[PDB]
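Take a look at this single chain in structure tokens; it is the form deposited in one PDB entry.
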């Protein structure tokens, strides 16, 4: 048999991501085997260990899956912290671990803009917010800021200033100036919340110069439940992937089955799927040391294009060809031309 362990935060803080990771792995393996769930006569079984995103539990689960269930290889896990704990548990069992999503037994999944994006969101959440109010000088504006003010109090951001202008201010040079001076050199997030029945007139003044964003805009508040109450809706980071044969299958099949698009994490589990399946097929065995040999320098296909494990650090890199372009001809042409 071919036993793959998946350590993941099935319950707890990262439970939503953990769902995707498995669904992705199951579809990942299904593609790679053309639906047979067997690789070279070998039946593929998958053993899942909820580690509740707890580093102590994760270690025991990882130890358990190698030792008790006899998993040949492992993927995991949801939480970064937990996965770091697990690195030695791999060496301890002289069996490979693929880190996903989060020594010679560890293969890492790769750098990408989505993690960058998450790290970004994370820092933001871990920083201050300073808000600056803008409203009209009649009851509704002042009631308006009242309620917002009340929402902003369960929050932890600071309100530096409230500006109230007349119902009919069509020129906001002075307000906006007063607003920029209030948020100026603070960190971290500085924001002007307009309540109205001005974003435009204010955006023309270019607030970015101060690092100030306005209440109209995408995801200008930290991805915390406290703020998502003034602003409903989850914070998403968007990205695009050049179509390929695994893309199509994943997107079509996933949509078809769950009436929803695959996500970044879904695609991660699927990639680990390809790594394992590609590797075992390469090595023609499931012996750790023959597996490491196959994988070092191995290219494998993912929903994201061709990947390759760098042998030195066991890291997944996007797999390229290099091109260049000679620009002299076109420049010596372009000049001998405007004259």
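Positions refer to the first chain, counted from 1. In this text, the rigid core denotes the largest set of C-alpha atoms whose superposition between the two forms falls within 1.5 Å.
Same protein, other form: the form deposited in another entry, not shown, and the subject of what follows.
- Core-based superposition between this form and the one not shown shows that, of 187, 261, 245, 88, only 187 has its Cα displaced by 2 Å or more.
- The two forms, fitted on the rigid core, differ between this form and the one not shown by 2 Å or more at the CA of residue 133.
- The rigid-core alignment places the CA of residue 73 less than 2 Å apart between this form and the one not shown.
- Core-superposed comparison between this form and the one not shown: the C-alpha position of residue 317 differs by less than 2 Å.
- Relative to this conformation, an increase of 3 Å or more in the Cα-Cα distance between residue 78 and residue 120 is found in the other form.
- Annotation: residue 268/residue 223 CA-CA distance shorter in the other form than in the displayed model, change of at least 3 Å.
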